[PDB]
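Listing of start17.cif; format and content: mmCIF, C-alpha atoms.
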data_target
#
loop_
_atom_site.label_atom_id
_atom_site.label_comp_id
_atom_site.auth_asym_id
_atom_site.auth_seq_id
_atom_site.Cartn_x
_atom_site.Cartn_y
_atom_site.Cartn_z
CA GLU Z 29 -92.51 -192.40 68.72
CA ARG Z 30 -94.69 -190.90 71.41
CA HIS Z 31 -97.27 -193.36 72.67
CA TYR Z 32 -101.02 -192.65 72.41
CA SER Z 33 -103.65 -195.12 73.56
CA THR Z 34 -105.87 -197.04 71.18
CA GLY Z 35 -109.32 -198.46 71.75
CA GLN Z 36 -107.88 -201.89 72.52
CA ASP Z 37 -105.46 -200.36 75.03
CA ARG Z 38 -108.31 -198.61 76.83
CA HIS Z 39 -110.15 -201.93 77.13
CA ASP Z 40 -107.00 -203.64 78.39
CA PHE Z 41 -106.67 -200.94 81.04
CA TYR Z 42 -110.24 -201.24 82.25
CA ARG Z 43 -109.81 -205.01 82.73
CA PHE Z 44 -106.42 -204.45 84.35
CA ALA Z 45 -107.78 -201.91 86.76
CA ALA Z 46 -110.86 -203.94 87.51
CA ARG Z 47 -108.67 -206.57 89.11
CA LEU Z 48 -106.84 -204.18 91.45
CA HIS Z 49 -107.61 -204.37 95.14
CA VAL Z 50 -108.88 -201.23 96.80
CA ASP Z 51 -107.97 -200.46 100.40
CA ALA Z 52 -111.11 -201.19 102.39
CA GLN Z 53 -109.88 -199.14 105.37
CA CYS Z 54 -110.51 -196.03 103.30
CA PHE Z 55 -113.27 -194.61 101.11
CA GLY Z 56 -112.05 -196.43 98.02
CA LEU Z 57 -112.99 -195.81 94.40
CA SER Z 58 -113.19 -198.71 91.96
CA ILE Z 59 -112.44 -198.45 88.29
CA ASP Z 60 -116.19 -198.16 87.72
CA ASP Z 61 -116.41 -195.34 90.25
CA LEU Z 62 -113.48 -193.70 88.46
CA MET Z 63 -114.79 -194.35 84.95
CA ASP Z 64 -117.80 -192.52 86.19
CA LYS Z 65 -116.28 -189.47 87.82
CA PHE Z 66 -113.94 -189.07 84.84
CA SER Z 67 -116.61 -189.46 82.15
CA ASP Z 68 -118.91 -187.08 84.00
CA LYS Z 69 -119.90 -184.40 81.52
CA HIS Z 70 -119.01 -181.65 84.08
CA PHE Z 71 -115.42 -182.85 84.37
CA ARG Z 72 -114.19 -181.64 80.99
CA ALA Z 73 -116.30 -178.50 81.44
CA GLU Z 74 -114.36 -177.62 84.63
CA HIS Z 75 -111.08 -178.88 83.26
CA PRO Z 76 -110.98 -178.27 79.51
CA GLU Z 77 -107.35 -179.56 79.22
CA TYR Z 78 -109.01 -182.96 79.48
CA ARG Z 79 -111.21 -182.29 76.45
CA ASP Z 80 -109.47 -184.96 74.41
CA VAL Z 81 -108.25 -187.10 77.27
CA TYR Z 82 -110.03 -190.39 77.94
CA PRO Z 83 -111.53 -191.50 81.29
CA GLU Z 84 -109.22 -194.50 81.23
CA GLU Z 85 -106.33 -192.01 81.17
CA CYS Z 86 -107.66 -189.87 83.98
CA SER Z 87 -108.12 -193.09 85.97
CA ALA Z 88 -104.57 -194.21 85.29
CA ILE Z 89 -103.25 -190.89 86.60
CA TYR Z 90 -105.57 -191.03 89.61
CA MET Z 91 -104.68 -194.64 90.46
CA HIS Z 92 -100.97 -193.88 90.13
CA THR Z 93 -101.14 -190.89 92.53
CA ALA Z 94 -103.10 -192.87 95.11
CA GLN Z 95 -102.05 -195.06 97.98
CA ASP Z 96 -105.12 -197.34 97.89
CA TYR Z 97 -104.57 -199.82 95.07
CA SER Z 98 -102.38 -202.90 94.85
CA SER Z 99 -102.13 -205.80 92.42
CA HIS Z 100 -101.98 -208.02 95.50
CA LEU Z 101 -103.59 -208.75 98.83
CA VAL Z 102 -101.57 -209.44 101.99
CA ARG Z 103 -103.82 -211.16 104.51
CA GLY Z 104 -106.33 -208.50 105.31
CA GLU Z 105 -104.94 -205.56 103.44
CA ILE Z 106 -103.80 -204.38 100.03
CA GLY Z 107 -100.22 -205.23 99.10
CA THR Z 108 -97.56 -202.85 97.82
CA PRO Z 109 -99.22 -199.76 96.23
CA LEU Z 110 -99.56 -199.73 92.45
CA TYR Z 111 -97.30 -196.74 91.77
CA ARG Z 112 -94.49 -198.34 93.71
CA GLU Z 113 -94.72 -201.74 92.04
CA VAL Z 114 -94.79 -200.02 88.65
CA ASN Z 115 -92.05 -197.49 89.33
CA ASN Z 116 -89.86 -200.20 90.82
CA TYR Z 117 -90.56 -202.46 87.83
CA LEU Z 118 -89.55 -199.73 85.37
CA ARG Z 119 -86.32 -198.98 87.30
CA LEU Z 120 -85.30 -202.67 87.48
CA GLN Z 121 -86.42 -203.75 84.04
CA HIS Z 122 -83.55 -204.95 81.80
CA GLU Z 123 -85.23 -205.97 78.50
CA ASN Z 124 -86.13 -202.61 76.87
CA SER Z 125 -84.46 -199.27 76.32
CA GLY Z 126 -87.12 -198.24 78.83
CA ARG Z 127 -88.19 -195.64 76.27
CA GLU Z 128 -91.57 -195.08 74.54
CA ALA Z 129 -90.22 -196.59 71.33
CA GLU Z 130 -90.48 -199.93 73.16
CA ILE Z 131 -93.55 -199.66 75.49
CA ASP Z 132 -95.11 -202.76 73.94
CA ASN Z 133 -92.27 -204.97 75.18
CA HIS Z 134 -93.05 -204.73 78.91
CA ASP Z 135 -94.48 -207.30 81.39
CA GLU Z 136 -98.04 -208.28 80.38
CA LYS Z 137 -99.21 -207.66 83.93
CA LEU Z 138 -98.36 -203.98 84.30
CA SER Z 139 -98.12 -202.73 80.71
CA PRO Z 140 -101.80 -201.89 80.35
CA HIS Z 141 -101.19 -199.27 83.06
CA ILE Z 142 -97.75 -198.17 81.97
CA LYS Z 143 -99.12 -197.51 78.52
CA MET Z 144 -102.26 -195.80 79.73
CA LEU Z 145 -100.29 -193.44 82.00
CA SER Z 146 -97.82 -192.64 79.24
CA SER Z 147 -100.69 -191.82 76.88
CA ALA Z 148 -102.33 -189.67 79.54
CA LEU Z 149 -99.24 -187.57 80.03
CA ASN Z 150 -98.80 -187.29 76.26
CA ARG Z 151 -102.42 -186.11 75.67
CA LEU Z 152 -101.96 -183.52 78.44
CA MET Z 153 -98.51 -182.28 77.49
CA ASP Z 154 -99.94 -181.88 73.96
CA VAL Z 155 -102.46 -179.30 75.05
CA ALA Z 156 -100.96 -177.81 78.19
CA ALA Z 157 -97.30 -178.69 78.65
CA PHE Z 158 -95.67 -177.26 81.76
CA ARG Z 159 -92.38 -175.43 81.73
CA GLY Z 160 -90.87 -173.91 84.85
CA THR Z 161 -89.56 -174.81 88.27
CA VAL Z 162 -90.83 -177.73 90.33
CA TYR Z 163 -89.45 -179.45 93.42
CA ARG Z 164 -88.80 -182.96 94.78
CA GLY Z 165 -87.99 -184.08 98.27
CA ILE Z 166 -86.09 -187.31 98.88
CA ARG Z 167 -84.83 -188.98 102.09
CA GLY Z 168 -81.45 -190.72 101.69
CA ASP Z 169 -78.09 -192.15 102.81
CA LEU Z 170 -74.66 -190.65 102.73
CA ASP Z 171 -74.21 -193.24 99.99
CA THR Z 172 -77.14 -191.76 98.02
CA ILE Z 173 -75.90 -188.22 98.70
CA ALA Z 174 -72.38 -189.16 97.58
CA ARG Z 175 -73.71 -190.55 94.30
CA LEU Z 176 -75.42 -187.30 93.41
CA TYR Z 177 -72.39 -185.16 94.21
CA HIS Z 178 -70.46 -187.66 92.13
CA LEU Z 179 -72.83 -187.39 89.16
CA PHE Z 180 -72.53 -183.62 89.47
CA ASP Z 181 -68.74 -183.63 89.73
CA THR Z 182 -68.35 -185.78 86.62
CA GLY Z 183 -71.15 -184.37 84.48
CA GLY Z 184 -73.20 -187.55 84.49
CA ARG Z 185 -76.89 -187.18 83.79
CA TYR Z 186 -79.48 -187.89 86.42
CA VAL Z 187 -81.83 -190.33 84.72
CA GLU Z 188 -85.14 -191.55 86.13
CA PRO Z 189 -86.55 -194.66 84.38
CA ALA Z 190 -89.87 -194.40 86.20
CA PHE Z 191 -92.51 -191.64 86.16
CA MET Z 192 -90.99 -188.73 88.10
CA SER Z 193 -93.36 -186.93 90.40
CA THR Z 194 -92.71 -183.35 91.38
CA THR Z 195 -94.49 -180.41 92.98
CA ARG Z 196 -94.80 -176.73 92.12
CA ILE Z 197 -94.93 -175.85 95.81
CA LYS Z 198 -91.59 -175.66 97.64
CA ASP Z 199 -93.26 -176.48 100.95
CA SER Z 200 -94.73 -179.70 99.58
CA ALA Z 201 -91.33 -181.26 98.86
CA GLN Z 202 -90.87 -181.15 102.63
CA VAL Z 203 -87.11 -180.64 102.52
CA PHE Z 204 -86.22 -177.00 102.72
CA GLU Z 205 -87.25 -175.91 106.18
CA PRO Z 206 -85.72 -177.61 109.12
CA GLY Z 207 -86.72 -179.82 110.54
CA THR Z 208 -88.55 -181.63 107.78
CA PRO Z 209 -88.25 -185.39 107.00
CA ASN Z 210 -86.51 -185.18 103.59
CA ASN Z 211 -82.79 -184.33 103.53
CA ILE Z 212 -82.27 -184.27 99.76
CA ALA Z 213 -83.98 -181.50 97.77
CA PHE Z 214 -84.23 -181.31 94.01
CA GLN Z 215 -84.87 -178.01 92.33
CA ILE Z 216 -85.84 -178.91 88.81
CA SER Z 217 -86.52 -176.64 85.89
CA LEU Z 218 -88.56 -178.37 83.23
CA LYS Z 219 -88.83 -177.67 79.56
CA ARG Z 220 -91.77 -180.08 79.34
CA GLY Z 221 -93.96 -181.90 81.86
CA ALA Z 222 -97.50 -182.93 82.68
CA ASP Z 223 -99.79 -181.05 85.02
CA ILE Z 224 -102.00 -183.85 86.30
CA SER Z 225 -103.42 -181.95 89.25
CA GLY Z 226 -106.85 -182.31 87.64
CA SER Z 227 -106.76 -186.11 87.73
CA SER Z 228 -104.66 -186.48 90.86
CA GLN Z 229 -106.16 -187.98 94.01
CA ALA Z 230 -104.59 -184.99 95.71
CA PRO Z 231 -104.86 -181.95 93.37
CA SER Z 232 -103.73 -179.67 96.26
CA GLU Z 233 -100.34 -181.40 95.99
CA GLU Z 234 -100.12 -179.43 92.70
CA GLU Z 235 -98.00 -182.07 90.98
CA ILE Z 236 -96.24 -182.17 87.62
CA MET Z 237 -95.38 -185.71 86.36
CA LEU Z 238 -92.68 -186.64 83.79
CA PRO Z 239 -92.77 -189.38 81.14
CA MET Z 240 -90.62 -192.53 81.61
CA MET Z 241 -86.85 -192.04 81.11
CA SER Z 242 -86.65 -188.36 81.96
CA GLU Z 243 -83.10 -187.07 81.84
CA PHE Z 244 -81.40 -184.21 83.77
CA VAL Z 245 -78.18 -182.24 83.96
CA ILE Z 246 -77.21 -181.38 87.51
CA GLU Z 247 -76.32 -177.68 87.25
CA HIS Z 248 -75.47 -177.01 90.94
CA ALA Z 249 -75.10 -179.03 94.15
CA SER Z 250 -74.66 -177.61 97.59
CA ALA Z 251 -75.38 -177.96 101.25
CA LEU Z 252 -78.15 -176.41 103.25
CA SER Z 253 -78.81 -176.79 106.92
CA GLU Z 254 -78.07 -180.08 108.70
CA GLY Z 255 -77.63 -182.54 106.99
CA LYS Z 256 -79.51 -181.30 103.95
CA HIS Z 257 -78.48 -180.99 100.33
CA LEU Z 258 -79.82 -179.21 97.32
CA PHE Z 259 -79.30 -180.35 93.75
CA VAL Z 260 -80.37 -178.06 90.97
CA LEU Z 261 -81.58 -180.05 88.00
CA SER Z 262 -82.19 -179.09 84.38
CA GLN Z 263 -84.39 -181.16 82.05
CA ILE Z 264 -82.99 -182.31 78.71
#

The structure in this file should be written as structure tokens.
Amino acid sequence: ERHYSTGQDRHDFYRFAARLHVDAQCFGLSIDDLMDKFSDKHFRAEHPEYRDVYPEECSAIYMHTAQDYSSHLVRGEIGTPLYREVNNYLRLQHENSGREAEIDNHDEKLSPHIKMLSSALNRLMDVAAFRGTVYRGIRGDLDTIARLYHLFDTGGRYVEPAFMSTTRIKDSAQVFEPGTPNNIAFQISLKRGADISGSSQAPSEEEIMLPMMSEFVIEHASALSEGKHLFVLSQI
């Protein structure tokens, strides 16, 4: 059970996305604008990994990496950004295993996107899986820090129910050099992940994205400057 989109799914997604609000205070792209840039005959010519990836899938990746869409409106502006509502939903959800065996048992509102994004990553990992080292920067509590050292100390897996987002570029995690904002760094070596830089709103961020329910062994855990901590992760 790895999920791949169907024709009906791709219609669902279009209608789902068509209802999203775009941030007017920016140069926003609607689903039609996206369906267009991602169906553009030159796109798959410049990015052949996308040869057998649908525009609806490119759009799902794009919309997830962006800060401009929300399901809701708050007075003037867009509500909470799509990726956050979705990620948060996946982390809180207590009705599924959270795995791809059960992607058709999620909330009717968000599932068209959850499914589309999953399919996108699957299509891409199929042709061009990424293996290697990527990085994550987090900002957190002593409580958060303590949990990780705890997981490490007791051999518990680090498990992320949502779509993990990571970067190939150490600098981009914004953790390692003082005096950057993030105080928790993750150095992750992946056996398998999705290079979505082609569809990302910010390709220069050079991101690799993981499917729902990615699982890691914490190999090492140590201090850095400050204040700062480094956990070395290994994908299962």

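Using only C-alpha atoms, the smallest distance between any of Z:155, Z:94, Z:73, Z:129 and residue 57 in chain Z comes from Z:94.
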
Using only C-alpha atoms, which of the listed residues (Z:61, Z:223, Z:247, Z:113) sits closest to residue 195 in chain Z?
-> Z:223

Given the PyMOL selection byres ((chain Z and resi 200-216) around 9) and the file above, list the residues it selects as a PDB file with C-alpha atoms, in the coordinates of the input.
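Written file, result38.pdb:
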ATOM      1  CA  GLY Z 160     -90.870-173.910  84.850  1.00  0.00           C
ATOM      2  CA  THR Z 161     -89.560-174.810  88.270  1.00  0.00           C
ATOM      3  CA  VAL Z 162     -90.830-177.730  90.330  1.00  0.00           C
ATOM      4  CA  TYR Z 163     -89.450-179.450  93.420  1.00  0.00           C
ATOM      5  CA  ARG Z 164     -88.800-182.960  94.780  1.00  0.00           C
ATOM      6  CA  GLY Z 165     -87.990-184.080  98.270  1.00  0.00           C
ATOM      7  CA  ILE Z 166     -86.090-187.310  98.880  1.00  0.00           C
ATOM      8  CA  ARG Z 167     -84.830-188.980 102.090  1.00  0.00           C
ATOM      9  CA  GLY Z 168     -81.450-190.720 101.690  1.00  0.00           C
ATOM     10  CA  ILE Z 173     -75.900-188.220  98.700  1.00  0.00           C
ATOM     11  CA  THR Z 194     -92.710-183.350  91.380  1.00  0.00           C
ATOM     12  CA  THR Z 195     -94.490-180.410  92.980  1.00  0.00           C
ATOM     13  CA  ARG Z 196     -94.800-176.730  92.120  1.00  0.00           C
ATOM     14  CA  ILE Z 197     -94.930-175.850  95.810  1.00  0.00           C
ATOM     15  CA  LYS Z 198     -91.590-175.660  97.640  1.00  0.00           C
ATOM     16  CA  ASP Z 199     -93.260-176.480 100.950  1.00  0.00           C
ATOM     17  CA  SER Z 217     -86.520-176.640  85.890  1.00  0.00           C
ATOM     18  CA  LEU Z 218     -88.560-178.370  83.230  1.00  0.00           C
ATOM     19  CA  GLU Z 233    -100.340-181.400  95.990  1.00  0.00           C
ATOM     20  CA  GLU Z 234    -100.120-179.430  92.700  1.00  0.00           C
ATOM     21  CA  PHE Z 244     -81.400-184.210  83.770  1.00  0.00           C
ATOM     22  CA  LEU Z 252     -78.150-176.410 103.250  1.00  0.00           C
ATOM     23  CA  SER Z 253     -78.810-176.790 106.920  1.00  0.00           C
ATOM     24  CA  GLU Z 254     -78.070-180.080 108.700  1.00  0.00           C
ATOM     25  CA  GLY Z 255     -77.630-182.540 106.990  1.00  0.00           C
ATOM     26  CA  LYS Z 256     -79.510-181.300 103.950  1.00  0.00           C
ATOM     27  CA  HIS Z 257     -78.480-180.990 100.330  1.00  0.00           C
ATOM     28  CA  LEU Z 258     -79.820-179.210  97.320  1.00  0.00           C
ATOM     29  CA  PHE Z 259     -79.300-180.350  93.750  1.00  0.00           C
ATOM     30  CA  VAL Z 260     -80.370-178.060  90.970  1.00  0.00           C
ATOM     31  CA  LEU Z 261     -81.580-180.050  88.000  1.00  0.00           C
ATOM     32  CA  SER Z 262     -82.190-179.090  84.380  1.00  0.00           C
ATOM     33  CA  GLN Z 263     -84.390-181.160  82.050  1.00  0.00           C
TER      34      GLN Z 263
END

Would you translate the PyMOL selection byres ((chain Z and resi 228-232) around 8) into the concrete set of residues it matches in this file, as a VMD selection string?
-> chain Z and resid 89 to 91 93 to 94 224 to 227 233 to 235

Answer key for the PyMOL selection byres ((chain Z and resi 85) around 9), residues as a tab-separated table (two decimals) with C-alpha atoms, in the coordinates of the input:
chain	number	residue	atom	x	y	z
Z	33	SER	CA	-103.65	-195.12	73.56
Z	38	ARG	CA	-108.31	-198.61	76.83
Z	41	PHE	CA	-106.67	-200.94	81.04
Z	66	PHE	CA	-113.94	-189.07	84.84
Z	81	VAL	CA	-108.25	-187.10	77.27
Z	82	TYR	CA	-110.03	-190.39	77.94
Z	83	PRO	CA	-111.53	-191.50	81.29
Z	84	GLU	CA	-109.22	-194.50	81.23
Z	86	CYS	CA	-107.66	-189.87	83.98
Z	87	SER	CA	-108.12	-193.09	85.97
Z	88	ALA	CA	-104.57	-194.21	85.29
Z	89	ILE	CA	-103.25	-190.89	86.60
Z	90	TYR	CA	-105.57	-191.03	89.61
Z	144	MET	CA	-102.26	-195.80	79.73
Z	145	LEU	CA	-100.29	-193.44	82.00
Z	146	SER	CA	-97.82	-192.64	79.24
Z	147	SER	CA	-100.69	-191.82	76.88
Z	148	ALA	CA	-102.33	-189.67	79.54
Z	149	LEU	CA	-99.24	-187.57	80.03
Z	151	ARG	CA	-102.42	-186.11	75.67
Z	227	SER	CA	-106.76	-186.11	87.73

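One finds CA of residue 187 in chain Z at 16.0 Å from CA of residue 248 in chain Z.
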
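For the pair CA of residue 264 in chain Z and CA of residue 32 in chain Z, the interatomic distance is 21.7 Å.
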
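Using only C-alpha atoms, the shortest contact distance between residue 119 in chain Z and any of Z:188, Z:172, Z:154, Z:45 is found at Z:188.
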